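1. What would the 3D arrangement of this be:
(one chain, ligands or ions: 1)
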Amino acid sequence: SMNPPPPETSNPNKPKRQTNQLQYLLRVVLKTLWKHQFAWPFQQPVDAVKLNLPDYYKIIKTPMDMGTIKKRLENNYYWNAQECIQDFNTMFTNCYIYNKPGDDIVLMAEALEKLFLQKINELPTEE
Ligand SMILES: Oc1ccc(Cn2cnc(F)c2)c2cccnc12
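-> Numbers count the residues shown, from 1 in each chain. Shown next is the structure:
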């Protein structure tokens with residue numbers, strides 16, 4: 001039930017990078033998803049104390065949220081787009097893992113994933 005430390009958004013011994021794809025992930029992809037009607041559950045780490053999910057972090061061992069992702073992008077925390085895309089997939093996957101099909105929260109994630117996949121279907125080309 002106690003909340004774990006949120007995932008890092010900076011790390012001095014991790015190399016940082018800025019790429020055109022990563023810029024697009026923040027400017028277009030993340031900030032578009034953010035505004036979706038179903039984004040609000042995924043805009044911050046899950047507060048298992050607030051939401052009364054004392055088993056959340058007993059089940060999910062790689063939490064991830066769009067708020068974390070947003071900070072990581074603004075901080076150049078990622079090396080490449082694929083690293084950032086993998087965080088999105090972790091966030092959707094966590095939601096399917098902790099829940100079951102048909103749940104309102106899963107329908108939310110399912111929709112966001114389709115928009116996400118639509119937006120990353122075509123990324124800009126590297127410079
Ligand atoms: O990422 C999440 C954020 C919030 C909640 C609580 N909650 C909010 N709205 C519904 F419908 C549920 C989650 C519940 C299960 C899995 N993930 C969750």
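
2. Only C-alpha atoms from now on, for both contacts and neighbour counts.
-> Will do.

3. Quick one: name the residues of this protein near the ligand.
-> Applying C-alpha under 6 Å from any ligand atom, we find that the chain lies next to the ligand at 41-42, 46, 51, 95, 98-99, 104-105.

4. Show me how to select, in PyMOL, the buried members of the residues you listed.
-> Buried residues within the residues of the chain next to the ligand, by 16 or more other C-alpha atoms under 10 Å, are selected in PyMOL with:
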select buried, resi 42+46+95+105
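
5. Max pairwise distance over the residues of the chain next to the ligand: which two?
-> Spatial extent of these (C-alpha to C-alpha) is set by the pair 46 and 104 at 15.9 Å.

6. thinking again about what came up before, TSV please, covering the residues of the chain next to the ligand and showing secondary structure.
-> Listed next are these as TSV, based on DSSP: H, G, I helix; E, B strand; the rest coil:
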residue	secondary structure
41	helix
42	helix
46	coil
51	coil
95	helix
98	helix
99	coil
104	helix
105	helix
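
7. ok, the residues of the chain next to the ligand vs residue 24, which is closest?
-> residue 42 (19.5 Å).

8. My guess is that closest one contacts residue 66. True?
-> Yes. Assessed by C-alpha atoms under 8 Å, residue 42 is found in contact with residue 66 at 5.6 Å.

9. Now list whatever residues contact both of those two.
-> When contacts are counted by C-alpha atoms under 8 Å, 6 or more residues apart in numbering, residue 42 and residue 66 have residue 91 as shared neighbours.

10. helices and strands around the strand or helix carrying residue 33, which ones?
-> Using DSSP states H and E, residue 33 sits in helix 31-34. Under the contact criterion of 3 or more C-alpha pairs under 8 Å, 6 or more residues apart in numbering; DSSP states H and E, helix 31-34 touches helix 104-120.
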